[PDB]
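# Architecture and fold: a report
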2 protein chains.
Amino acid sequence: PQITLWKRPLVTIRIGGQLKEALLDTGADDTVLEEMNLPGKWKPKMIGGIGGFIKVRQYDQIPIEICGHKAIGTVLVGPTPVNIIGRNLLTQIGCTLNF
Amino acid sequence: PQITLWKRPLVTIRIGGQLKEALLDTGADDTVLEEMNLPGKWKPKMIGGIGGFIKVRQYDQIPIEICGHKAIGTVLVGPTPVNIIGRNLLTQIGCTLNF
Ligand SMILES: CC[C@H](C)CN(C[C@@H](O)[C@H](Cc1ccccc1)NC(=O)O[C@H]1CO[C@H]2OCC[C@H]21)S(=O)(=O)c1ccc2c(c1)OCO2
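Going by the header, the method for this PDB entry is X-ray crystallography, and the resolution given is 1.85 Å.

By the naming in the PDB entry, chain A goes by Pol polyprotein and is assigned to Human immunodeficiency virus 1. Here the PDB entry title reads "Crystal Structure of wild-type HIV-1 Protease in complex with kd20".

Below is the structure:
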């Protein structure tokens with residue numbers, strides 16, 4: 001597909017067995033999802049943005065489907081205001097910026 | 001160009017006659033640049049990111065050339081971790097996401 005940027009590039013993703021709306025975010029190195037009680041082992045991490053840092057839980061090798069395209073990789077879970085699909089998964093679903 | 005996302009999508013911009021490196025950030029509504037001087041009136045504004053809210057200076061109708069493509073629009077100056085080009089200017093240069 002082609003997604004214009006007149007509005008926030010929000011798409012439907014599936015992780016665990018929840019459907020969520022998430023931003024396709026070229027400015028995000030990593031994928032950061034809103035607080036959810038995901039099973040499995042995790043490691044603590046801090047990530048920084050506008051305003052400062054938040055504490056997140058890093059889970060590895062988590063399958064996520066992004067608009068019907070399969071991906072699997074690291075997801076960070078924490079008190080973000082929005083679900084963010086970062087470059088780690090965007091490359092996996094074949095996503096490019098074009099102008 | 002077509003820009004893949006295995007690396008951060010950093011580009012050279014020209015603003016106020018100066019060259020800077022900035023991040024094409026589809027997850028950003030607004031364009032936010034690190035502390036710098038720009039001419040003309042600005043107004044105090046606050047914006048929120050992943051880590052909380054910051055104070056910025058809002059400059060309106062500012063020319064910026066992004067990777068050779070002209071935009072003229074709102075630029076926010078403040079304590080962002082990195083220069084970010086957001087959707088207000090990405091739309092002007094005809095940037096879309098494609099997968
Ligand atoms: C360091 C470069 C960016 C500022 C990083 N941010 C991704 C942004 O796309 C972020 C994504 C975002 C979007 C909404 C809320 C919070 C975060 N947008 C953002 O802060 O935009 C602000 C400017 O425009 C405004 O519109 C949206 C918020 C404002 S981030 O969310 O803090 C972020 C995401 C994944 C990360 C990360 C930081 O560090 C490692 O992995």
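Still more to cover.
## Overview of the sheet that holds strand β1 (residues 2–3) of chain A
Here four strands make up an open sheet; going across it, the order is β1(A)-β9(B)-β9(A)-β1(B) and the pairing antiparallel. Single-partner strands in this sheet number two, and they are β1 of chain A together with β1 (2–3) of chain B. Of the pairings in the sheet, the one linking strand β9 (residues 96–98) of chain A to strand β9 (residues 96–98) of chain B comprises three bridges and is antiparallel in character. From the neighbouring strand, A:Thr96 faces β9(B), where its bridge partner is B:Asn98.

## Focus on the interface of chain A and chain B
In many reports, interface size means the accessible area that the parts give up when they come together. Taken together, the contacts link 39 residues of chain A with 40 residues of chain B. At the level of elements, β1, β3 (18–24), β5 (43–49), β6 (52–66), α1 (87–90) and β9 of chain A are the ones that each hand at least two residues to the side of chain A that touches chain B. As judged from the two bridges shared by β9(A) and β1(B), these two strands associate in the antiparallel manner. If you follow A:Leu97 over to β1(B), its bridge partner there is B:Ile3.

## Brief notes about the layout of surface pockets
Counted as a void, the largest pocket has a volume near 930 Å³. Lining the largest pocket are 34 residues, and of these A:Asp25, A:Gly49, A:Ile50, B:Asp25 and B:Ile50 sit closest to its centre. Breaking the lining of the largest pocket down by element, the ones donating at least two residues are β5 of chain A together with β5 (43–49) of chain B. When the residues that make up the lining of the largest pocket are grouped by side-chain class, the tally is 18 nonpolar, eight polar and eight charged. Estimated volume of the second largest pocket: approximately 210 Å³. Around the second largest pocket, the lining is made up of 13 residues, and of these B:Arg14, B:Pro63, B:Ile64, B:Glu65 and B:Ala71 lie nearest the centre. Looking at the lining of the second largest pocket, the elements with two or more residues in it are β2 (10–15), β6 (52–66) and β7 (69–77) of chain B. Tallying contributions element by element places β6(B) first for the lining of the second largest pocket, with four residues.

## A look at the relation of the copies chain A and chain B
Superposition of the two copies of the chain requires a rotation about an axis and a shift along the axis. Relative to chain B, chain A is turned by 178° and slid 0.2 Å along the rotation axis, the superposed coordinates differing by an RMSD of 0.6 Å. In short, the pair behaves as if placed about a two-fold rotation axis. Here 100% of the contact residues of chain A are again contact residues in chain B; the copies associate through an equivalent surface.

## Observations concerning the site of the ligand
Residues in close proximity to the ligand total 24 residues, the closest being A:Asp25, B:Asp25, B:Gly27, B:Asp29 and B:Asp30. Close to the ligand, residues of chains A and B are found. At 2.6 Å, a side-chain N or O of A:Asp25 approaches an oxygen atom of the ligand. B:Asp29 has a polar backbone atom sitting 3.0 Å from an oxygen atom of the ligand. Surface burial for the ligand is 92%, taken as the share of its 750 Å² of free accessible area covered by protein chains. At a threshold of 2 Å from the grid points, most atoms of the ligand map onto the largest pocket.

Reading the values: rules and limits
- Residues numbered from 1 in each chain as written, not as in the entry; some residues may be left out.
- Chains lettered and ligands numbered in written order.
- Heavy atoms only, no water.
- Residues with missing side-chain atoms left out of burial classes, pairs and counts.
- Pairing = 2+ DSSP bridges.
- Helix = DSSP H or I, 4+ residues; strand = E, 2+ residues; numbered from the N terminus.
- Contact = heavy atoms within 4.5 Å.
- 1 Å grid on protein atoms, 1.4 Å probe; cavity = no way out; pocket = protein on both sides within 12 Å on 5 of 7 lines; lining within 4 Å.
- Points joined across faces, edges and corners; volume = space filled by probe spheres on them.
- Nonpolar A, V, L, I, M, F, W, Y, C, P; charged D, E, K, R; others polar.
- Least-squares fit on C-alpha atoms.
- Near = heavy atom within 4 Å.
- Polar contact = N/O pair within 3.5 Å; in protein donor to acceptor, adjacent residues only side chain to side chain.
- Areas by Shrake-Rupley, 256 points an atom, 1.4 Å probe, with all protein chains shown as cover.
- Sits in = over half its atoms within 2 Å of the grid points.

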